[PDB]
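*Asks:* As input, take model_11.cif (mmCIF, N, CA and C atoms):
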data_input
#
loop_
_atom_site.group_PDB
_atom_site.id
_atom_site.type_symbol
_atom_site.label_atom_id
_atom_site.label_comp_id
_atom_site.auth_asym_id
_atom_site.auth_seq_id
_atom_site.Cartn_x
_atom_site.Cartn_y
_atom_site.Cartn_z
ATOM 1 N N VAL R 1 56.601 -11.322 -16.753
ATOM 2 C CA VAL R 1 55.325 -11.684 -16.045
ATOM 3 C C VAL R 1 55.613 -11.884 -14.541
ATOM 4 N N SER R 2 54.754 -11.331 -13.677
ATOM 5 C CA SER R 2 54.902 -11.433 -12.162
ATOM 6 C C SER R 2 55.809 -10.330 -11.579
ATOM 7 N N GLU R 3 56.651 -9.728 -12.383
ATOM 8 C CA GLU R 3 57.568 -8.628 -11.905
ATOM 9 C C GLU R 3 56.857 -7.267 -12.085
ATOM 10 N N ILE R 4 55.638 -7.166 -11.581
ATOM 11 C CA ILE R 4 54.826 -5.892 -11.699
ATOM 12 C C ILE R 4 55.509 -4.716 -10.952
ATOM 13 N N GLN R 5 54.933 -3.519 -11.031
ATOM 14 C CA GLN R 5 55.526 -2.296 -10.357
ATOM 15 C C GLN R 5 55.915 -2.583 -8.887
ATOM 16 N N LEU R 6 55.005 -3.132 -8.095
ATOM 17 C CA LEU R 6 55.318 -3.451 -6.653
ATOM 18 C C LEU R 6 56.374 -4.577 -6.570
ATOM 19 N N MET R 7 56.250 -5.606 -7.402
ATOM 20 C CA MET R 7 57.241 -6.744 -7.398
ATOM 21 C C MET R 7 58.640 -6.221 -7.776
ATOM 22 N N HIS R 8 58.747 -5.485 -8.876
ATOM 23 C CA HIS R 8 60.063 -4.900 -9.318
ATOM 24 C C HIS R 8 60.617 -3.954 -8.233
ATOM 25 N N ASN R 9 59.744 -3.226 -7.543
ATOM 26 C CA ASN R 9 60.190 -2.296 -6.446
ATOM 27 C C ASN R 9 60.795 -3.093 -5.261
ATOM 28 N N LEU R 10 60.447 -4.372 -5.099
ATOM 29 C CA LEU R 10 61.006 -5.198 -3.973
ATOM 30 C C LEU R 10 62.532 -5.304 -4.121
ATOM 31 N N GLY R 11 63.257 -4.645 -3.221
ATOM 32 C CA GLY R 11 64.766 -4.605 -3.285
ATOM 33 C C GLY R 11 65.221 -4.045 -4.652
ATOM 34 N N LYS R 12 64.392 -3.186 -5.288
ATOM 35 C CA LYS R 12 64.665 -2.588 -6.662
ATOM 36 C C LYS R 12 65.039 -3.664 -7.730
ATOM 37 N N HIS R 13 64.824 -4.960 -7.446
ATOM 38 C CA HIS R 13 65.185 -6.085 -8.379
ATOM 39 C C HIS R 13 66.707 -6.113 -8.574
ATOM 40 N N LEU R 14 67.302 -7.244 -8.280
ATOM 41 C CA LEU R 14 68.797 -7.331 -8.282
ATOM 42 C C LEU R 14 69.323 -8.545 -9.081
ATOM 43 N N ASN R 15 70.548 -8.962 -8.785
ATOM 44 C CA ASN R 15 71.198 -10.114 -9.516
ATOM 45 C C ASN R 15 71.972 -11.041 -8.538
ATOM 46 N N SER R 16 73.041 -10.563 -7.901
ATOM 47 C CA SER R 16 73.832 -11.425 -6.946
ATOM 48 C C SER R 16 74.325 -10.564 -5.758
ATOM 49 N N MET R 17 75.388 -9.772 -5.930
ATOM 50 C CA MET R 17 75.873 -8.874 -4.806
ATOM 51 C C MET R 17 74.838 -7.779 -4.545
ATOM 52 N N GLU R 18 74.071 -7.429 -5.546
ATOM 53 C CA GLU R 18 72.954 -6.460 -5.346
ATOM 54 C C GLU R 18 71.843 -7.253 -4.666
ATOM 55 N N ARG R 19 71.568 -8.422 -5.232
ATOM 56 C CA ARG R 19 70.506 -9.383 -4.741
ATOM 57 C C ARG R 19 70.609 -9.751 -3.293
ATOM 58 N N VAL R 20 71.713 -9.523 -2.703
ATOM 59 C CA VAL R 20 71.847 -9.841 -1.286
ATOM 60 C C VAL R 20 71.184 -8.760 -0.442
ATOM 61 N N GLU R 21 71.334 -7.530 -0.846
ATOM 62 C CA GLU R 21 70.657 -6.370 -0.135
ATOM 63 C C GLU R 21 69.138 -6.678 -0.024
ATOM 64 N N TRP R 22 68.581 -7.329 -1.036
ATOM 65 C CA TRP R 22 67.141 -7.772 -1.034
ATOM 66 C C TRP R 22 66.938 -8.738 0.133
ATOM 67 N N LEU R 23 67.735 -9.791 0.151
ATOM 68 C CA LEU R 23 67.669 -10.816 1.251
ATOM 69 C C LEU R 23 67.973 -10.147 2.626
ATOM 70 N N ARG R 24 68.769 -9.081 2.645
ATOM 71 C CA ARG R 24 69.090 -8.364 3.935
ATOM 72 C C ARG R 24 67.872 -7.526 4.368
ATOM 73 N N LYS R 25 67.300 -6.766 3.445
ATOM 74 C CA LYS R 25 66.091 -5.923 3.755
ATOM 75 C C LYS R 25 64.855 -6.802 4.004
ATOM 76 N N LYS R 26 64.832 -8.000 3.459
ATOM 77 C CA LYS R 26 63.679 -8.946 3.678
ATOM 78 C C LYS R 26 63.696 -9.432 5.127
ATOM 79 N N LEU R 27 64.872 -9.709 5.635
ATOM 80 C CA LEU R 27 65.034 -10.113 7.073
ATOM 81 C C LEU R 27 64.680 -8.883 7.943
ATOM 82 N N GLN R 28 65.101 -7.697 7.508
ATOM 83 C CA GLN R 28 64.778 -6.421 8.234
ATOM 84 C C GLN R 28 63.332 -5.953 7.936
ATOM 85 N N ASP R 29 62.600 -6.648 7.115
ATOM 86 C CA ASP R 29 61.170 -6.280 6.857
ATOM 87 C C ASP R 29 60.305 -6.994 7.903
ATOM 88 N N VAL R 30 60.728 -8.185 8.275
ATOM 89 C CA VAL R 30 60.030 -9.024 9.312
ATOM 90 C C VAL R 30 59.805 -8.245 10.620
ATOM 91 N N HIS R 31 60.697 -7.348 10.940
ATOM 92 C CA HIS R 31 60.597 -6.569 12.221
ATOM 93 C C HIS R 31 61.516 -5.330 12.195
ATOM 94 N N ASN R 32 61.800 -4.753 11.019
ATOM 95 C CA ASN R 32 62.821 -3.639 10.947
ATOM 96 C C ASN R 32 64.120 -4.237 11.583
ATOM 97 N N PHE R 33 64.323 -5.533 11.304
ATOM 98 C CA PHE R 33 65.439 -6.348 11.852
ATOM 99 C C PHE R 33 66.709 -6.168 10.990
ATOM 100 N N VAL R 34 67.456 -5.100 11.245
ATOM 101 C CA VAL R 34 68.701 -4.783 10.476
ATOM 102 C C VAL R 34 69.612 -6.014 10.345
ATOM 103 N N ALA R 35 69.910 -6.332 9.119
ATOM 104 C CA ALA R 35 70.786 -7.493 8.784
ATOM 105 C C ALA R 35 72.219 -6.968 8.493
ATOM 106 N N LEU R 36 72.958 -7.606 7.603
ATOM 107 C CA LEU R 36 74.363 -7.147 7.282
ATOM 108 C C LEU R 36 74.764 -7.560 5.849
#
For this file, write the structure as structure tokens.

*Replies:*
Amino acid sequence: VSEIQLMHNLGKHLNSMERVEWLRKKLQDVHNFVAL
């Protein structure tokens, strides 16, 4: 529940080392602000 098509597409849904790419692209979503 809540992990709909658009929600699951957010950072392709991750776990930990994958899950960080989500937190990196989220900072780069605010302004195409490339993270690391």

*Asks:* How would you write, as a VMD selection string, the set of residues in chain R that DSSP gives as alpha helix (DSSP H)?

*Replies:* chain R and resid 5 to 9 17 to 27

*Asks:* Could you name the residues that touch residue 3 (chain R) at 12 Å or less, counting only C-alpha atoms, but leaving out those on the same chain fewer than 6 positions away, as a PyMOL selection string?

*Replies:* chain R and resi 9-14

*Asks:* Between atom N of residue 1 (chain R) and atom N of residue 19 (chain R), what is the distance in Å, rounded to a tenth?

*Replies:*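 Result for atom N of residue 1 (chain R) versus atom N of residue 19 (chain R): 19.1 Å, one decimal.
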
*Asks:* May I ask for the distance between CA of residue 6 (chain R) and CA of residue 25 (chain R), given in Å to one decimal place?

*Replies:* 15.2 Å

*Asks:* I would like the residues chosen by the PyMOL selection byres ((chain R and resi 36) around 6) on the shown file; could you give them as a list in words?

*Replies:*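 The output of the PyMOL selection byres ((chain R and resi 36) around 6) on this file is residues 24, 34 and 35 of chain R.
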
*Asks:* Mind giving me the straight-line distance from atom N of residue 5 (chain R) to atom N of residue 22 (chain R) in Å, one decimal?

*Replies:*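 Between these atoms lies a distance of 17.3 Å.
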
*Asks:* Write out N, CA, C and O atoms for region 6-17 of chain R, as an mmCIF file, in the frame of the given file.

*Replies:*
data_model
loop_
_atom_site.group_PDB
_atom_site.id
_atom_site.type_symbol
_atom_site.label_atom_id
_atom_site.label_comp_id
_atom_site.auth_asym_id
_atom_site.auth_seq_id
_atom_site.Cartn_x
_atom_site.Cartn_y
_atom_site.Cartn_z
ATOM 1 N N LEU R 6 55.005 -3.132 -8.095
ATOM 2 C CA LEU R 6 55.318 -3.451 -6.653
ATOM 3 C C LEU R 6 56.374 -4.577 -6.570
ATOM 4 O O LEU R 6 57.289 -4.502 -5.767
ATOM 5 N N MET R 7 56.250 -5.606 -7.402
ATOM 6 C CA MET R 7 57.241 -6.744 -7.398
ATOM 7 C C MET R 7 58.640 -6.221 -7.776
ATOM 8 O O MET R 7 59.599 -6.461 -7.063
ATOM 9 N N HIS R 8 58.747 -5.485 -8.876
ATOM 10 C CA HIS R 8 60.063 -4.900 -9.318
ATOM 11 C C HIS R 8 60.617 -3.954 -8.233
ATOM 12 O O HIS R 8 61.818 -3.905 -8.013
ATOM 13 N N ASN R 9 59.744 -3.226 -7.543
ATOM 14 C CA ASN R 9 60.190 -2.296 -6.446
ATOM 15 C C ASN R 9 60.795 -3.093 -5.261
ATOM 16 O O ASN R 9 61.577 -2.543 -4.501
ATOM 17 N N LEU R 10 60.447 -4.372 -5.099
ATOM 18 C CA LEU R 10 61.006 -5.198 -3.973
ATOM 19 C C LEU R 10 62.532 -5.304 -4.121
ATOM 20 O O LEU R 10 63.037 -5.918 -5.050
ATOM 21 N N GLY R 11 63.257 -4.645 -3.221
ATOM 22 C CA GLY R 11 64.766 -4.605 -3.285
ATOM 23 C C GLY R 11 65.221 -4.045 -4.652
ATOM 24 O O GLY R 11 66.272 -4.423 -5.133
ATOM 25 N N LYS R 12 64.392 -3.186 -5.288
ATOM 26 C CA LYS R 12 64.665 -2.588 -6.662
ATOM 27 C C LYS R 12 65.039 -3.664 -7.730
ATOM 28 O O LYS R 12 65.520 -3.310 -8.794
ATOM 29 N N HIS R 13 64.824 -4.960 -7.446
ATOM 30 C CA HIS R 13 65.185 -6.085 -8.379
ATOM 31 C C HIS R 13 66.707 -6.113 -8.574
ATOM 32 O O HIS R 13 67.344 -5.114 -8.863
ATOM 33 N N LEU R 14 67.302 -7.244 -8.280
ATOM 34 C CA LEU R 14 68.797 -7.331 -8.282
ATOM 35 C C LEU R 14 69.323 -8.545 -9.081
ATOM 36 O O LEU R 14 68.654 -9.064 -9.960
ATOM 37 N N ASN R 15 70.548 -8.962 -8.785
ATOM 38 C CA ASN R 15 71.198 -10.114 -9.516
ATOM 39 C C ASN R 15 71.972 -11.041 -8.538
ATOM 40 O O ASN R 15 71.596 -12.188 -8.370
ATOM 41 N N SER R 16 73.041 -10.563 -7.901
ATOM 42 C CA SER R 16 73.832 -11.425 -6.946
ATOM 43 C C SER R 16 74.325 -10.564 -5.758
ATOM 44 O O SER R 16 73.718 -10.592 -4.701
ATOM 45 N N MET R 17 75.388 -9.772 -5.930
ATOM 46 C CA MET R 17 75.873 -8.874 -4.806
ATOM 47 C C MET R 17 74.838 -7.779 -4.545
ATOM 48 O O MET R 17 74.688 -7.325 -3.429
#
